[PDB]
There are 4 protein chains.
Amino acid sequence: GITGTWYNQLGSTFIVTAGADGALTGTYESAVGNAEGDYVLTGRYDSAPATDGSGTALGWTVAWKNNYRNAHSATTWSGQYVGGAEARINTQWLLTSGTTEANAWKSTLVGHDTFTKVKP
Amino acid sequence: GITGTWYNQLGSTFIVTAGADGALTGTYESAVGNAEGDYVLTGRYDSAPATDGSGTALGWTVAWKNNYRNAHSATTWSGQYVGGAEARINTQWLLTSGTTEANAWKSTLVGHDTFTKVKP
Amino acid sequence: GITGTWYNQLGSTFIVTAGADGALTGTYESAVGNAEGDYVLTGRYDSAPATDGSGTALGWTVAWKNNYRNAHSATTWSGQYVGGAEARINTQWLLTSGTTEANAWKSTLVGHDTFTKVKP
Amino acid sequence: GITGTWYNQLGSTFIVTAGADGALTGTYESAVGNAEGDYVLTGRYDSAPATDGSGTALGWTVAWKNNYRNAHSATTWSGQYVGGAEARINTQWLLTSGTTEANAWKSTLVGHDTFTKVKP
């Protein structure tokens, strides 16, 4: 039940299709950072998860280049999907920027997002 | 630059194809963890990187399910490709396992990987 | 502001004393993991925070050894204290277990914690 | 064998004493960021680690305020010590800054450092 629209706490929006194979493909609209419009997203998910109640592991990447801006950065979300009345995708994320060698050490931001099927 | 076979510090291999559109595709074989054989890889990279000597932002995911195993988990690498005599893909990763709600707190491991174009 | 008893989202408690010098001292009791009883806590915080409405940078460590248990691991929380009607300590943490070299790759878990001044 | 001077790959220097109890106390000189001089560091370590070859879990915090600058930030290192000819402390780190609420999402940098008993 991953296919559809999801909203994080910060008002960001993404749409995705979860293929029967394990493909995640869709769009991400970010409500923060140097971003404007929709950005392509692609990732993977466990298409045959544990049947003991455990969530479904997944992950996806968005490169912050589109027709509007190019932040020269990229975020990957790593987390799991959990079904039910209060369905949510809980993730941790890493945002790496292209940096010179001198600045590499501070190239990566880390955060956490919680996505739900309704807006905050 | 990015397209080709890559090797990390631990014995893992990473064969990737960089699309003109910013797409990352390929297969991954992990030397560690609950894995064996090839796994699908999907990601994105900045197809118009800055020209100031900055690295090239990218990310990809691998879900650890293939025809032989399912670890009920996914790893995302977030990083930057760096050129030179010694080109590298410089990454940090998160590995999230599908868990129950009462084990969600210890769901995600974090680490780093350096990919070089020659075997360790 | 920071000195006092704090509670996270999972049932853990965090009693801390903020020194004038920037020192953080106290005891922690974890509701999760390989833990029971009180554990020593030591850390630091910015004793001269900016006045522009910014949070107050801080961090502390707890090694999971006390007179009753030893989990051969340590957790560091990195975060910022935020004032208001609803003061919070906003954190991300890394939990590193002592491992063998061939398990060093899966040594560290990453997560986040929100500490409030009232019980969950 | 933690007590003494350690150098990371980036030329940073720290000195520490590991008390028989589990106390880490000392100084950190950073070779990167908005830092000048020595900064106080405090943390914890496992003072009775596993006797199977496993490393010794530890963690420490530095608040980036001293007599020279105040970056209004703080780093926590989480990792393990490993003895032997090639002794090293391998860590992951989190650098949180005080931010307004609007900017909290990007308040934390993440990296990895490897410390040795001799300079790079």
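All heavy atoms count here, side chains included; hydrogens, waters and symmetry mates do not. Residue numbers begin at 1 in each chain, while the letters A, B, ... track the order of the sequences.
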Write out, in numerical order, the residues from residues 51-66 of chain D with a heavy atom short of 4.5 Å from a heavy atom in chain C. D:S54, D:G55, D:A57, D:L58, D:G59, D:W60, D:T61, D:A63, D:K65

CD/D:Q9: more than 12 non-hydrogen atoms of other groups inside 6.0 Å: yes

Within the supplied structure, the quantity of interest is the number of heavy atoms (other residues, nucleotides, ligands) at a distance under 6.0 Å from D:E36 CD; does it exceed 12? yes

Would you be so kind as to tabulate the donor-acceptor pairs closer than 3.5 Å made by side chains of residues 26-33 of chain C, with sequence neighbours excluded?
residue, atom, partner, partner atom, Å
C:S30, OG, C:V32, N, 3.1
C:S30, OG, C:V32, O, 2.7

Go through D:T42, D:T99, D:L24, D:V82 and name the one with the most non-hydrogen pairs under 4.5 angstrom from chain C. D:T99

Rounded at 0.5 Å granularity, tell me how far CD in C:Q80 sits from OG1 in D:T108. 7.0 Å

Can you check whether anything in residues 111-120 of chain D gets within less than 4.5 Å of chain C, heavy-atom wise, and list it by number? none

Mind ranking C:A104, C:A23, C:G79 by heavy-atom pairs under 4.5 Å with chain D and telling me who comes out on top? C:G79

If you tally heavy-atom pairs under 4.5 Å between each of C:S107, C:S47, C:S97 and chain D, the highest tally belongs to C:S47

Considering heavy atoms only, which positions within residues 84-96 of chain D lie below 4.5 Å of chain C? D:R88, D:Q92, D:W93, D:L94, D:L95, D:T96

For chain C, which of D:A102, D:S78, D:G98 has the most heavy-atom pairs under 4.5 Å? D:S78

Greatest number of non-hydrogen atom pairs under 4.5 angstrom with chain D, of C:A74, C:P49, C:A48, falls to C:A48

